[PDB]
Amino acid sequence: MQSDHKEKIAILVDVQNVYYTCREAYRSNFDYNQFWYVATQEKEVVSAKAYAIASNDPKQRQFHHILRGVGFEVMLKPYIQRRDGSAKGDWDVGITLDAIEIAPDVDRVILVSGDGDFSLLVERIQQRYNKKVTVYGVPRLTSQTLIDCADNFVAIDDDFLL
């Protein structure tokens, strides 16, 4: 016999990617309340994490507070000393670690990022855990390889903008 459990989901948001791609494509901000509302309809939310950058700025701290209110655990990037002049803002390693960890516990991973490097992560979730992956991304700035790897792709467009 079958339990008829709601689809179990994990959500991982690449907050920096969402911010910059929405600014570049639309000069607008992402509506996290609309996203939560739609993505979680009829779903069991096993995990929901928003990967962001720590800030002493009151407006940024307020934004993080809003995200926690929506339902996310806000994951602030640990300090990482830099000697090579490379970009300080990237959460790819930590998102990769967490997405693989949560895959066995969910039916579907929802990744909110247009970064094509995550194609390898989508593929690995499908190969090892045979779970579904949905990607939300700004279409004009999302890798086609990532769109094609995902089981489903949902556009970040006006339906998800403030």
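In case it trips you up, residue 1 is the first one in the sequence shown, and so on.
Student: Decide which of the stretches 86-94 and 68-76 has the higher mean C-alpha B-factor, going by the entry.
Tutor: Result: 86-94.
Student: Which wins on mean Cα temperature factor, 133-141 or 24-32?
Tutor: Comparing 133-141 with 24-32, the higher average CA B-factor belongs to 24-32.
Student: Among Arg128, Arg108, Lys59, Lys49, which carries the highest Cα B-factor?
Tutor: Out of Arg128, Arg108, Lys59, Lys49, the record gives the largest C-alpha B-factor to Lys59.
Student: Taking the values exactly as deposited, rank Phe118 by C-alpha B-factor within its chain and report the matching third: lowest, middle or highest.
Tutor: For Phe118, the deposited C-alpha B-factor lands in the lowest third.
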